[PDB]
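Novice: part one of the complex, left exactly where it sits:
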Amino acid sequence: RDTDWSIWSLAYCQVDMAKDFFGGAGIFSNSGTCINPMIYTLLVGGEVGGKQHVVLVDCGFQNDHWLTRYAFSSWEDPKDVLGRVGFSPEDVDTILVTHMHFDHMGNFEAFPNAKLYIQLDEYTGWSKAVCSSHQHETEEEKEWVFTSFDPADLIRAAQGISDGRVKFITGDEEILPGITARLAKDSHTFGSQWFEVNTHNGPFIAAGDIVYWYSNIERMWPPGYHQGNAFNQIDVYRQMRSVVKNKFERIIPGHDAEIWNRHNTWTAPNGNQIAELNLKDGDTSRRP
Amino acid sequence: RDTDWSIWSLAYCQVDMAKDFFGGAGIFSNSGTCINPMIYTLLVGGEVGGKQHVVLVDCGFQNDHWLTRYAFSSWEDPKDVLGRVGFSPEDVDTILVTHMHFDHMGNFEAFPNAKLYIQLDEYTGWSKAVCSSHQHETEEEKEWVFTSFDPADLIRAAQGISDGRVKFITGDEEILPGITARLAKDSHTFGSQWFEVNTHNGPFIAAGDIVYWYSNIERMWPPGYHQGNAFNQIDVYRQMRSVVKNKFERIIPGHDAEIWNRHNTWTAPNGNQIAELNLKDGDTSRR
Amino acid sequence: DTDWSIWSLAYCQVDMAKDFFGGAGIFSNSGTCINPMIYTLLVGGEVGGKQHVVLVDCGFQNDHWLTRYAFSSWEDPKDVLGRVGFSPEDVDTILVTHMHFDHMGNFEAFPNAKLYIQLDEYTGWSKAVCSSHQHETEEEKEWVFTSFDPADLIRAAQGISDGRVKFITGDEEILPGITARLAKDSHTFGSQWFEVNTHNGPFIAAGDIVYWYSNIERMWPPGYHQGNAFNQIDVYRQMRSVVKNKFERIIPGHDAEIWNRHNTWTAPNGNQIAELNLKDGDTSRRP
Amino acid sequence: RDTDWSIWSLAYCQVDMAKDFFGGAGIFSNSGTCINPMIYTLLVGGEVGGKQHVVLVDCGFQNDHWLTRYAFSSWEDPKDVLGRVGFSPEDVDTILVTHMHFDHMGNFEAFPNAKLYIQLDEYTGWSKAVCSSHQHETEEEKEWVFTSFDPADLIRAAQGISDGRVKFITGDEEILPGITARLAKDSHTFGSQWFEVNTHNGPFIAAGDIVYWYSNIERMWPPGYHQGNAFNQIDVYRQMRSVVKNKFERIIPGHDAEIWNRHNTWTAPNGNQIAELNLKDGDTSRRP
């Protein structure tokens, strides 16, 4: 089947963060701070002459308590972030979840028509991890387990499973035409997955937090904060490099402001960026 | 290492059901119906000279929509059922869940001080199965998986996990002094577990639905309705027989009125039975 | 590439409680009914090349099994296969869905045929028979042997020594256009079903994984089986996907409804004969 | 200690055989032939003061075509072999099968009251191997598979399974009081097992054909003919040496005339040997 997809990376928030957090405890230690985007990626396309899908890789978090747990700024609603590219949250039929951290699957219920795809190992891993954490007597002992995980997202996932809106992927699978989910077990998280997007202009990768920063995969240096196996990430980087033949601009990192320096980018009134990574044959640009 | 436990099996409801359902196709086919008890079991004890635990194996379902999906009668609140043996739901500190069928974990939020114990395979099995079933285009194609399973219990399970009130068992484990949980993978359900209870009068077994009826384990004949592997149940029957040295009255089946005929039993006003299976050193009977 | 013509032939009939085949809930206490005992003949293979004459299963012999259960109208392979223009000597390969007596019993009646069975089926029954002899009484073994003849374990071993039995381990395209599919712990330890590719699309020989169309149409496994009910659910879905929900393309094991869904002749006696596919020039063997 | 066993190794036949077969292709190539005993081992005992079991480790082959496929001589019936130590074949309640080669299980039906214990992997291994062999067009291509295996023993085993005479062991198991079966997967054969026998004078090992000759385990040099994994045999030798704390005479090899030099031995009229390896407490010697 021939597939083609338009791809936009949309900032919906910003975080000021220690560099070693994203870039590595070695190379980026004691290197000050910087602003990094909170991003989700819109994909529109599919089989040519077939159903057109409106897909989000990840969907941001909500305007809730998480805004106080880190140095966030410039948060924007899905109505506004997607409106600037000519869509609405109602139009989104699928959310592909790289991992169940709060900033990639929180707020999925703002897309009432979307089905959620999660790796089974991600869901089961977090169920066990959350349950195990309650053997510690204080919350200080639980802090690391919950640094990026909202137990309420466990409840929402179960609610979606029973509702029929959450679907499990187990391993690798072409879930939409030209989008292949790749399980990276115990990489960034228990069941992090990345996505291979095949377009007429070649492959693109939505890496999730497996690749926080381009420097992670270019320097082969896993981040200072992650909740998996650093050597597994090494293995995944090599898989990703092979898919895109080291055309590093084709990989979408999770939280790297460097992405705006590498693609046709314009900014919204508040500053949040929009990137036009690719346009399928016959589509028009969204720059004002 | 010296454990001792008092054991009461208490009926909270009754169901009229075709016999082959519980007893088996072929041998009990076209045998009409009979009343069968809906049961949970109270265990009080632990290490002699130690903390006396108050534990439930299973806790029944709520008087909700489930009362109409089967021929139930005489449903009773846990306050009424445990009161007859001298306890209240607030006393229950542990609920041992044999499996996640609605009638064994439905009403657990009625015991606000209790921790829930479930096999990881039971929880993960149902998460996968519920999700897989929503790939069917019609609701009729989904009936069989949900005949005994309430997706609302999946949600309550997830809520208790994050609350810290639900704990996973993975395999065999002595979770309380003298009570060891036994994983029976893919027997009655994905992660059914049974419980071995060690007292001064020897072992007792809480079997759950692996053994619906004594005849399941006496005739080695699995039921006409189950959601796991029939030959796995046979193997579990053999383990149970070995633990109990073939003294069958020492096994507590899930839904067999025959239990009231094998132990010291009396009736409540509405009819629900209270079987006293064992009394630990120093306890007086509650007839 | 490949094409095959297909006939399903009865060789006996069985009167059985409906809950046996259809489910303990929905078909309980529904009386009894007549069900065909069937094996399926396939003739063909690759288009320009060796024509194979194949049986899926081969029925049982007229021995003590006629007094077991309640059979009637039993017929010899010489009679059943002659009506379609063949003799028992023509069959070069018999595909065994599982080692229950009525699907592999009479295999020595086809002297030129190689028998194909899943390694897990043979190993499972070897273990199960041996394990059952841990029970001291014959009554405790009844369920293991409800459908299994220990003499067929010996005949199977005799055939292994003869080179007449071949093991399949998992999925395999055995003959041209016929893929065996292992369904581990489905009806039995190593049940397998067969995907048959013709010019008119695919056909499925389901064995007893699907006793009745109602099993797979309602997604409701039978009341009697010796495997895992949820595994059967998974297989039902695999089969539906292969056949694009064109259910008449699935050959159930023991369902009179197949005579209502296909060109079906009838024999001098009651046992039926049903055409399912005729690949170009296979003159219909319909009178 | 609460268990005790008397132990006799009894030769029932003799075989003239090339030395490299039993001792190894390195040291014993082109080294001629020698006479080697065909042996099964009688164990009498159990719980001290409780049931006196009568046990055979292996039971030899029958007087059939096998007598011509090798240089056999002096085959003797179980009535005569066991008669010399004061027992009859009807006394044997248990036959422990090291492996299903013809000379270790061929004759089990001459012991009408005995249950056979066989490793599940041994039975399934031979079932597969026999069935696979019939893909070869000539009987010569099957010859190695059948050098020590009789397909008729497959049928007899299936018959014993159906009768309730055959019991499967899967892995390690204390089968009788003081006798533990040890699975040695893929050693001499698919499911070879050896037996540790606890006596008041310490442990004895019935090695089956894992140890043909003392030299295999003393020199750590597996034989030239076997149907398993040579390095697996190396690993089992180490387990055996450790159990007997390097008392090599406590190990009963399958086919070594050297055993008559290491134990109190006398001979029958035809030359077949009797070795009294151990006499449990209270037991009297059987030497004439």
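Specialist: Yes, it's here. Numbers count the residues shown, from 1 in each chain, chains lettered A, B, ... in the order given.
Novice: who's in contact with the most centrally placed residue in chain A?
Specialist: Centroid check for chain A by Cα atoms, centre = their mean gives residue A:208 as the closest residue, at 3.9 Å. For residue A:208, the contact set (Cβ atoms under 8 Å, 6 or more residues apart in numbering or on different chains) comprises A:57, A:58, A:98, A:99, A:104, A:188, A:192, A:193, A:194, A:254. Yep, even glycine has a C-beta here, placed from its N, CA and C like the rest.
Novice: one more time with 6 Å, if that's ok
Specialist: When contacts are counted by Cβ atoms under 6 Å, 6 or more residues apart in numbering or on different chains, residue A:208 is found next to A:98, A:99, A:192, A:194, A:254.
Novice: quick one: which of those residues is nearest to chain D?
Specialist: Ranked by distance to chain D (Cβ to the nearest Cβ), the contacts of residue A:208 are led by residue A:192 at 37.3 Å.
Novice: that closest one against residue A:100, yeah?
Specialist: No: Residue A:192 is beyond contact range of residue A:100, at 9.2 Å (criterion: Cβ atoms under 6 Å).
Novice: who has more neighbours out of the two?
Specialist: Counted by other Cβ atoms under 10 Å in any protein chain shown, residue A:192 and residue A:100 do not tie: residue A:192 has more neighbours, with 32 against 25.
Novice: contact partners for the residue in the stretch 1-150 of chain A that chain C sits nearest to?
Specialist: Proximity to chain C, evaluated over the stretch 1-150 of chain A using Cβ to the nearest Cβ, is greatest for residue A:120 at 14.8 Å. For residue A:120, the residues meeting the contact criterion (Cβ under 6 Å, 6+ apart) are A:168, A:170.
Novice: go again with 8 Å.
Specialist: Applying Cβ under 8 Å, 6+ apart, one finds that residue A:120 lies in contact with A:168, A:169, A:170, A:191, B:128.
Novice: okay, now the second one: neighbour count?
Specialist: Per other Cβ under 10 Å, the neighbour tally for residue A:169 reads 20.
Novice: what of the third one?
Specialist: Residue neighbour count, defined by other Cβ under 10 Å, stands at 12 for residue A:170.
Novice: wait, it sits on residue A:122?
Specialist: No: proximity of residue A:170 to residue A:122 does not meet the contact threshold set by Cβ atoms under 8 Å, at 10.7 Å.
Novice: after the helix or strand harbouring residue A:132, next one along is what?
Specialist: According to DSSP states H and E, residue A:132 maps onto helix A:120-133. Heading C-terminal from helix A:120-133, the first helix or strand you meet, by DSSP H and E, is helix A:151-163.
Novice: drop chain E onto that structure:
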Amino acid sequence: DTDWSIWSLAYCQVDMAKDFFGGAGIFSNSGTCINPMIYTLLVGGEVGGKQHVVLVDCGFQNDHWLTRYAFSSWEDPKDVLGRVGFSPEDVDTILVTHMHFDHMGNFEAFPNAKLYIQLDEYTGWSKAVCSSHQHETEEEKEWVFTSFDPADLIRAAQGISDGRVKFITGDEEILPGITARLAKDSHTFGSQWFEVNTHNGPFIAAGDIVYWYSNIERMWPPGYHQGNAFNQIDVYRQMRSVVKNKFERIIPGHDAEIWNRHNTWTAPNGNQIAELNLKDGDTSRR
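Specialist: Alright, chain E goes in next:
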């Protein structure tokens, strides 16, 4: 029936950023500090008698590794062992927690010592070193080799050939009262920790699974490591359980706090020395 004398000796020091050892987030952009390089001497065994001289880890040689990091105060083993009454050649056994340069580099300075290391540790590094060489530039290889010397792969092989090294595969009580604990994919592919059963309770040589006491106390894996963050969390719980949450009975890899909570006395260059347990019938040391 089993007793052990236990000494933790600092053979060197490093000035390192805090998030490296303590964790990103709670120690991000928090500056740096001096941290010790230690190996742990245990001598004793079955109270019956046979006394073994065992080292947990054995430092790194004084070579190019001294310039790769803010090292100082590197001392010889004969120097450091002498201050507690021993000579390298006395060591019977070197228990290797993992194959990073600074726990395995100088094992040849102990000609009598058998080396015990996990099969997965050795096998994982063989795999990794080989995998890295499909990277064309040296910058891409940097992280794999931050703590690993390819020359230690060649020594290990030479040790295998010589009979100096033996592979553990799983848990195994390697010497009377010392249980080796496989922690697959913790700090490294096959890191392991050791559970020393002394008459005065239990002791844990943590290796680099626990860089700092605060990794286990704050349940917070470090910012640099080369295995599985959640696996470390689960080993933290296995350790906490073995010592009943008495954290001092765990010896971290590179925490100067260990000097603070155990009898310590500086040496000439300052490299500390702490005695954690002297087996009754054993003589102390300054």
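Novice: once more for the contacts of residue A:208, now including chain E?
Specialist: If you count contacts by Cβ under 8 Å, 6+ apart, residue A:208 has them with A:57, A:58, A:98, A:99, A:104, A:188, A:192, A:193, A:194, A:254.
Novice: check those residues and tell me the two furthest apart.
Specialist: When these are compared pair by pair using Cβ to Cβ, the two farthest from each other are A:57 and A:188, 14.1 Å apart.
Novice: how far away is the residue of chain A most remote from its centre from chain E?
Specialist: Largest separation from the mean C-alpha position in chain A: residue A:137, at 32.7 Å (Cα atoms, centre = their mean). Note on residue A:137: its distance to chain E, by Cβ to the nearest Cβ, to the nearest Å, is 10 Å.
Novice: report the contact partners of that residue.
Specialist: Taking Cβ under 8 Å, 6+ apart as the criterion, residue A:137 is in contact with no other residue.
Novice: now it: phi and psi?
Specialist: Backbone torsions for residue A:137, taken as degrees, to the nearest 10, come to phi -80, psi -30.
Novice: apart from its neighbours in sequence, what residue is nearest residue A:272?
Specialist: residue A:11 (3.9 Å; Cβ to Cβ, 6 or more residues apart in numbering or on different chains).
Novice: what's the neighbour count on the one you found?
Specialist: By the measure other Cβ under 10 Å, the count of residues near residue A:11 is 26.
Novice: that one against residue A:37, yeah?
Specialist: Yes: with contacts defined as Cβ under 8 Å, residue A:11 counts as touching residue A:37 at a distance of 4.2 Å.
Novice: what do the two both touch?
Specialist: Taking Cβ under 8 Å, 6+ apart as the contact criterion, the residues that touch both residue A:11 and residue A:37 are A:272, A:273.
Novice: re the thing from before, residue contacts, the residue nearest to residue A:272?
Specialist: Residue A:11 makes contact with A:37, A:38, A:39, A:74, A:81, A:268, A:272, A:273, A:274, according to Cβ under 8 Å, 6+ apart.
Novice: now rank the residues you listed by neighbours and give me the top one.
Specialist: Taking other Cβ under 10 Å as the neighbour criterion, residue A:39 ranks highest of those with 26 neighbours.
Novice: please name the residues that touch the nearest residue to residue A:211 once chain neighbours are set aside.
Specialist: When the adjacent residues along the chain are set aside, residue A:211 lies closest to residue A:253, with 4.6 Å between them (Cβ to Cβ, 6+ apart). For residue A:253, the contacting residues are A:207, A:211, A:212, A:213, A:214, A:216, A:217, A:259, by Cβ under 8 Å, 6+ apart.
Novice: what number of residues lie near the second one?
Specialist: Counted with other Cβ under 10 Å, residues neighbouring residue A:211 total 29.
Novice: and chain F on top of that:
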Amino acid sequence: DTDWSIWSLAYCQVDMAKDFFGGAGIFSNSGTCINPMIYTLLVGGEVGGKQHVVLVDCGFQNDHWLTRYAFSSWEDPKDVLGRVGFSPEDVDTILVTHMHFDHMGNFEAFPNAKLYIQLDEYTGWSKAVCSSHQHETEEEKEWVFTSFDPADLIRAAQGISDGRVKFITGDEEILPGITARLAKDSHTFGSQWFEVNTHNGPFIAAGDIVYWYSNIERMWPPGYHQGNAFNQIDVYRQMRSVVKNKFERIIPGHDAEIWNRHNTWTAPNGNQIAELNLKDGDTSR
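Specialist: Below, chain F sits with the chains from the block before:
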């Protein structure tokens, strides 16, 4: 679309008991015979692509091993490869069937070649070497080291760090038309054989899983091996299936019968040269 020229080059000869190579049963007490020591030259790859020059195995050096067995006629890689128009410097790839001394001992004579080994072979020998040193005497270690030199373990680790050795894990097409097939616990822990696809059909470099044509023709594994005899049986079946029972298409490890099945000529000292295949557009010798 692949094509390869194939030469089997004897670089040495060994006088050995027949049962060693042929079997403890059939060839017992059968005396000895001369057997070739062989490595195979492969030149080709994808048609229209980078033509590779590859060695399957590379022999051992003229060192202590020349005295550990009845060897004769040892020749250098410079001489043996010189006769077919190449030098050791041309070989960029050596595919190693197993780590026995006579198949990897001399790989450093090929300074530009990458070495490919099964991971299970390397870890297998690493473990076995360590386990062997638990025995207190050297006679108890002899069988483990009959064909294995611990110096090759050290040379292997050095190449690992140097970047010259690569691990294969299971089956893999390493070069165009060459598939490595792991045969776990066959001749050794991680023995591998190679399927070579040419325009004239498939050829197999069997290593020592097949010492002699009679192993696979008689389905009778050898009297000396360090793996699992029934695994070799199953591997024999895979090989026979690939070549559709054309046994001359299988390259055995040590069988002089090979010179009788192909265009063969001899060197001055006696060592044989076998031209098994010439890819489209090639001239003989």
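Novice: please look at the contacts of residue A:11 again, because chain F has been put in.
Specialist: A:37, A:38, A:39, A:74, A:81, A:268, A:272, A:273, A:274.
Novice: try it again at 7 Å.
Specialist: With contacts taken as Cβ atoms under 7 Å, 6 or more residues apart in numbering or on different chains, residue A:11 has the following neighbours: A:37, A:38, A:39, A:272, A:273.
Novice: neighbours of the closest residue to the residue nearest to the centre of chain A other than its chain neighbours, just the number please.
Specialist: With Cβ to Cβ, 6+ apart as the criterion, residue A:208 has its nearest non-adjacent residue at 2.8 Å, and that residue is residue A:98. By the measure other Cβ under 10 Å, the count of residues near residue A:98 is 29.
Novice: and what of the one 5 residues further on?
Specialist: Using other Cβ under 10 Å, the number of residues around residue A:103 comes to 26.
Novice: what residues does it make contact with?
Specialist: Under the contact definition (Cβ under 7 Å, 6+ apart), the residues listed for residue A:103 are A:38, A:60, A:61.
Novice: rerun that using 8 Å as the cut-off
Specialist: Remark: with contacts taken as Cβ under 8 Å, 6+ apart, residue A:103 is in contact with A:13, A:38, A:58, A:60, A:61, A:66, A:148.
Novice: and if you look at residue A:3?
Specialist: Under the contact definition (Cβ under 8 Å, 6+ apart), the residues listed for residue A:3 are A:45, A:46, A:47, A:48, A:177, A:178, A:198, A:199.
Novice: report the beta-bridge partners for residue A:167.
Specialist: residue A:117 (DSSP bridges).
Novice: what residues does it make contact with?
Specialist: For residue A:167, the set of contacting residues under the criterion of Cβ under 8 Å, 6+ apart consists of A:115, A:116, A:117, A:118, B:131, B:134.
Novice: how does it look with 7 Å?
Specialist: A:115, A:116, A:117, B:131.
Novice: what about residue A:35, neighbour count?
Specialist: Around residue A:35 sit 14 other residues, with neighbours defined as other Cβ under 10 Å.
Novice: wait, it touches residue A:16, no?
Specialist: Yes: A contact is recorded between residue A:35 and residue A:16 when judged using Cβ atoms under 7 Å, the distance being 5.4 Å.
Novice: next, count neighbours for residue A:271.
Specialist: Number of residues near residue A:271 (other Cβ under 10 Å) recorded here: 12.
Novice: next one: residue A:195
Specialist: Neighbour count of residue A:195, defined by other Cβ under 10 Å: 23.
Novice: in the sheet, who's paired with it?
Specialist: Under the criterion used (DSSP bridges), residue A:195 bridges to residue A:181, residue A:206.
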